[PDB]
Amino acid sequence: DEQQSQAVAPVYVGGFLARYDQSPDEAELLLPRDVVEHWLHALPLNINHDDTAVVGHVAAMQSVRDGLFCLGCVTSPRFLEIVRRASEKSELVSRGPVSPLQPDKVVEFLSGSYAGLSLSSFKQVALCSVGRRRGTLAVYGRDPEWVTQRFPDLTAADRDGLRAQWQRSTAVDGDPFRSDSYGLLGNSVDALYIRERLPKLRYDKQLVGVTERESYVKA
């Protein structure tokens, strides 16, 4: 029960929502630095843009040298419990993370299922199987500092900005989740047919240098 308790503790997620160095083929995905900074100077967090699947909120957004970076917090008790039960029936999760890391079923299931970040119009951030913008790898962890530290691009100045924010009671969060296991299950088949999902995910991890660090990323 104590272990199950830790499992459903808050989960932080960080990663780039846009990479200023990546030029998308699709115009609708354009997101220039000047545009980001203009609107920049809490948004809800959901599953694949489904309004009935809100699992938490965004705690920080920082426009940095290489793109727009954000840090969210998965808090929904219902969502986390669903994820906990599913994680116990995953062969991938059973195999665990890279050596030094402590096994963390919930974090690992999230890292595998929703490895991408998606910003939509700012209005909301979605956790998805893989983002349409490149370099949008989602990094999960129990500590905000730890998550921010998985990204080699961020400097101490960058993290200070991010920290000031997440360290600074959201309108989005009782439990905002209005879906269920069946909903997540239905969405999982959609994720199985996204073309070049893994190649894109591997390209993303290498781009943001998470490969040079130890993390729960499964790609």
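Each residue number is its position in the shown sequence, starting from 1.
Asker: In the deposited sequence, how many residues between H41 and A42 have no modelled coordinates (none, 1 to 3, 4 to 9, 10 or more)?
Answerer: The entry leaves 10 or more residues without coordinates here.
Asker: Mind giving me a quick count class for deposited residues absent from the model between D173 and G174? Options are none, 1 to 3, 4 to 9, 10 or more.
Answerer: Per the deposited record, the segment joining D173 and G174 lacks coordinates for 1 to 3 residues.
Asker: Using only C-alpha atoms and the B-factors in the entry, which stretch averages higher, 14-22 or 205-213?
Answerer: Here the higher of the two C-alpha B-factor means belongs to 205-213.
Asker: Between 139-147 and 108-116, name whichever shows the higher mean Cα B factor according to the PDB entry.
Answerer: Between 139-147 and 108-116, it is 139-147.
Asker: So if I compare the CA B-factors in the entry for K89, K123, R132, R84, which one is the largest?
Answerer: Within the set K89, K123, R132, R84, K123 shows the top C-alpha B-factor.
Asker: Which of these has the highest Cα B-factor in the record: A27, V54, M61, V189?
Answerer: Out of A27, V54, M61, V189, the record gives the largest C-alpha B-factor to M61.
Asker: Going by the recorded CA B-factors, say which third of the chain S169 sits in, lowest, middle or highest.
Answerer: CA B-factor rank for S169: highest third.
Asker: State the tercile, meaning the lowest, middle or highest third, of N48 with respect to the CA B-factors recorded for its chain.
Answerer: Middle third.
Asker: Please say which third, lowest, middle or highest, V36 falls into when its CA temperature factor is compared across its chain.
Answerer: It belongs to the highest third of the chain when residues are ordered by C-alpha B-factor.
Asker: Of the three thirds of its chain by CA temperature factor, lowest, middle or highest, which one includes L68?
Answerer: Lowest third, going by the recorded CA B-factors of the chain.
Asker: Should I194 be placed in the lowest, middle or highest third of its chain by the C-alpha B factor in the entry?
Answerer: CA B-factor rank for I194: middle third.
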